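Below: one structure, written as structure tokens.
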2 protein chains.
Amino acid sequence: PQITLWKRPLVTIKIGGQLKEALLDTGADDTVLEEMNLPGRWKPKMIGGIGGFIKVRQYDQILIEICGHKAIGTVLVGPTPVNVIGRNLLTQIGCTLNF
Amino acid sequence: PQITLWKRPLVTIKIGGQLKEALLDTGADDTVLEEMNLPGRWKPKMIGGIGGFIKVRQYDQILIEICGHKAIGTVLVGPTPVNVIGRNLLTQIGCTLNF
Ligand SMILES: CCOP(=O)(COc1ccc(C[C@H](NC(=O)O[C@H]2CO[C@H]3OCC[C@H]32)[C@H](O)CN(CC(C)C)S(=O)(=O)c2ccc([C@H](C)O)cc2)cc1)OCC
């Protein structure tokens with residue numbers, strides 16, 4: 001689809017079999033979701049945002065469907081204020097900016 | 001133009017008579033720029049994201065040129081680690097997400 005930006009570009013995603021709402025975020029290198037239960041192993045990591053660094057659980061090679069488009073990649077889970085889909089997954093679904 | 005998201009969507013902007021580099025950020029409601037001493041009145045504000053909140057100064061009706069596209073709106077100035085063009089200005093240059 002073509003998504004204008006008068007509202008937050010929020011979309012439904014499916015991860016771990018569960019539906020959630022997330023923000024298409026071209027300013028995020030990575031995908032960071034609010035704390036949730038996901039199956040499989042994970043590794044601790046640090047990520048920095050506008051206000052500082054937080055601790056997250058890094059899940060590699062995770063199946064995630066974004067607005068009807070499938071991706072398999074890295075998902076960070078931690079105390080983010082907002083579920084954000086970052087460029088690591090936006091590239092997988094073929095997302096570009098256009099003006 | 002079309003901007004792929006393999007790398008950060010960095011572009012040259014002109015603001016307050018200066019050239020700077022900023023991210024085209026669909027995940028930002030508003031525009032936040034590195035410390036710069038712009039003329040005129042402003043209002044203090046607190047903005048938050050990953051890692052917490054930072055203090056910024058809100059300037060209204062600021063002229064910005066983004067890839068040759070002119071816009072005018074609110075710009076928040078403060079100790080941000082990156083310059084982000086947010087949706088308040090991206091809409092004015094006709095920017096969309098497409099996949
Ligand atoms: C020198 C480098 O410093 P640094 O690395 C941090 O750099 C960066 C910091 C922020 C960004 C932009 C930010 N992206 C990320 O947070 O992405 C995370 C995850 O992926 C990683 O890639 C980039 C960072 C990591 C979002 O696009 C926009 N945000 C909102 C989202 C979270 C809902 S917002 O910024 O909070 C914000 C809040 C309010 C407003 C107005 C009020 O509406 C405007 C903008 C990009 C790089 O370390 C610092 C300790």
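Proteins come first, then strands; the chains are lettered A, B, ... in the order of their sequence lines, and each starts at number 1. No hydrogens, no waters, no symmetry mates; every other heavy atom, side chains included, goes into these values.
A side-chain donor-acceptor contact under 3.5 Å links A/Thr26 to the backbone of B/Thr26. A donor-acceptor pair is defined here as one N or O able to donate and one able to accept, closer than 3.5 Å; no such pair exists between the side chain of A/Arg8 and the backbone of B/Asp29.
Residues B/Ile50 and A/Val32 have side chains in contact (heavy-atom distance under 4.5 Å, counting atoms from C-beta outward). For the pair B/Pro1 and A/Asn98, the minimum side-chain heavy-atom distance is 4.5 Å or more. A/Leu97 places a side-chain heavy atom less than 4.5 Å from the side chain of B/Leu5. Counting heavy atoms from C-beta outward, A/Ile66 and B/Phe99 have side chains that stay 4.5 Å or more apart.
Heavy atoms of A/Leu23 lying under 4.5 Å from chain B belong exclusively to its side chain.
Shortest non-hydrogen contact noted between B/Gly49 and A/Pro81 is C-CG, 3.8 Å.
With values rounded to the nearest 0.5 angstrom, B/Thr96 atom OG1 is found 12.0 Å from A/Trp6 atom CH2.
Shown here is A/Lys14, whose NZ atom has no more than 12 heavy atoms of other residues, nucleotides or ligands within 6.0 Å. Within a 6.0 Å radius of CD in B/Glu35, more than 12 heavy atoms belonging to other residues, nucleotides or ligands are found.
Taking B/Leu24, B/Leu90, B/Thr80 one by one and counting their heavy-atom pairs under 4.5 Å with chain A, the maximum is reached by B/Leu24. Most heavy-atom pairs under 4.5 Å with chain B: of the set A/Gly52, A/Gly86, A/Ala28, this distinction falls to A/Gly52. Interface check for chain B: of the options A/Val82, A/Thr91, A/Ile47, the most heavy-atom pairs under 4.5 Å are formed by A/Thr91.
Placement of A/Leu89 and A/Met36 within a single hydrophobic cluster is found when ILVMFWY residues are connected by side-chain heavy-atom separations under 4.5 Å, directly or transitively.
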